[PDB]
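In the structure tokens that follow, a single protein chain appears in two forms: structure 1, then structure 2.
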Structure 1
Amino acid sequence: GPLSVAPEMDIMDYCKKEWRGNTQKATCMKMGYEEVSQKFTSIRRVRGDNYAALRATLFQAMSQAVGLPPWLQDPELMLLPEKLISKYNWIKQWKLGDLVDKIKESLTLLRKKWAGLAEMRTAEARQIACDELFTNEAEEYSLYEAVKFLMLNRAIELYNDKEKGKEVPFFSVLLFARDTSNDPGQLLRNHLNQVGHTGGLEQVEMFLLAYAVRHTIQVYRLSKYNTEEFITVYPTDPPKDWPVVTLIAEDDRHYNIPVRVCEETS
């Protein structure tokens, strides 16, 4: 029974256990962790079940939750599944990890859980409650269905805007230039359905995740140590008002969570 978000461990102790080889790559990983350790004290290992990008981002977003974001507060959000599925029947090709009711229940849960965290009186109580939330398997995976649906919705908006000659974030031009992702239908069948199952997110889909939940995602990419990509931000130039969450990716294949002293369980 893998833990969703493992208990925090001292970051250099974690590094030491994980990278023991006498090789340039191990040395690079250790140097990367050293630099991360200047700003973060601990690491929580995130479960690598192909939901990791969503789990890590959402855990960080919700565990820091001081307000319910307006986009999540909006009543219209609850009308979205019926609005979209009625309009685009191909959305019924959604693979679950009826449809309108199931997605709606997921979005309702996301809103309710996030609001419950935001309404707590102390940051400590919020952190503890968020930890417990990510030990309820069923509820947790429902949250990721909500997030995947928000990614699909945002992709539809950007696609339709782009097709009308309207201004769009540039990543969306690249997202839909991919041969397996030329339209929202292909994005769903070839990329999103696989999320949490047989495949995770590409870098261009990290942008889409950031826009879906309106959080800026800062990633320490240890493999890019000593280059300008060592700290990579999704999206590159985000709205100033989006909260920032930080992840670590050793070599672009999985995302764990770095933790500040002021974020510690103890």
Structure 2
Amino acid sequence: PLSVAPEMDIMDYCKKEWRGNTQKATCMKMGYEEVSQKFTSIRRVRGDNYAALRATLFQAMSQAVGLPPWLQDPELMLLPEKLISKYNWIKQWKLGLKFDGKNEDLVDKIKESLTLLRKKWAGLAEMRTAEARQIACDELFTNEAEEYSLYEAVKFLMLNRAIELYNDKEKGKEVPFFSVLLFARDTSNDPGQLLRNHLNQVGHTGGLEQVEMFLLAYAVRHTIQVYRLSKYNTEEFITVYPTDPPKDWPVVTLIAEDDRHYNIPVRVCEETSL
């Protein structure tokens, strides 16, 4: 059961999923006419509580020509123990629906998820072609325990970055604007509140919030470029996380029809007149 459905040409997807000339379908199709300037095809992402995480990770991993330094860093797997030891409230971590464990085992389950993320990314980065990587990702994103272990890892990396941002803010360091917004929410005044009332809930009661897309982008150091079809003809039609992306970060492009329906564009195109 692929959580990222097989490739389909945009021309065929719209013909099938956006029939008619209602303003909604017309809007989506003009949006896809823009996506069609750079890609020929899309893959529909499973529309569960992990949709944004799944679209982002599938794109990033299927584009992996190398292991990112933050993932290759061998100190990364000491992070779970160092953080949980320093902040025991992290043991309020709630596992996704596919896992269970007692909080004593939290550290090694996170380390296990981080090890899985690293191993799969490294495996993909070693393959010669992008087509071979997409097939390997197709085997990885089957909606089984391995896929969902990756989200536990990314979510932990998002928590770590949020902890670093909060600590920088309280010490007086400069922080990115999104962090102010992140901790300005009455339900997420501090990292613990972010953990209990938002991170813990992704996979159970909702998906990532808009400003948690920034946190995700910082956590995996990928620029997330989203075609937001519902905001066509506006500045937000193409939203980017971070707003000012570092030039060295790899770019992954997503399509968000609404805030719960994600596609990923694939097969970069170019046009010639004749």
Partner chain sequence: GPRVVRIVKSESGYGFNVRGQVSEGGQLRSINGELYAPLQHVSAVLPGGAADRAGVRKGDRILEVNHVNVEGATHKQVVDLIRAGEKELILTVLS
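Here, residue number means position along structure 1's sequence, counting from 1. The term rigid core refers to the most C-alpha atoms you can superpose between the two forms while keeping them within 1.5 Å.
If only one of the two is the form solved without its partner chain, which is it? Number 1 is right.
Determine, with the core as the superposition reference, the one member of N160, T180, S86, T122 that shifts its CA by 2 Å or more between the two structures. The residue that shifts is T122.
Displacement in Å of the C-alpha of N22 between the two structures, rigid core kept as reference: In the core superposition between the two structures, the C-alpha of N22 moves 4.2 Å.
Per-residue C-alpha deviation between the two structures [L110; rigid core superposition; Å]: Its C-alpha shift, to one decimal, is 0.5 Å.
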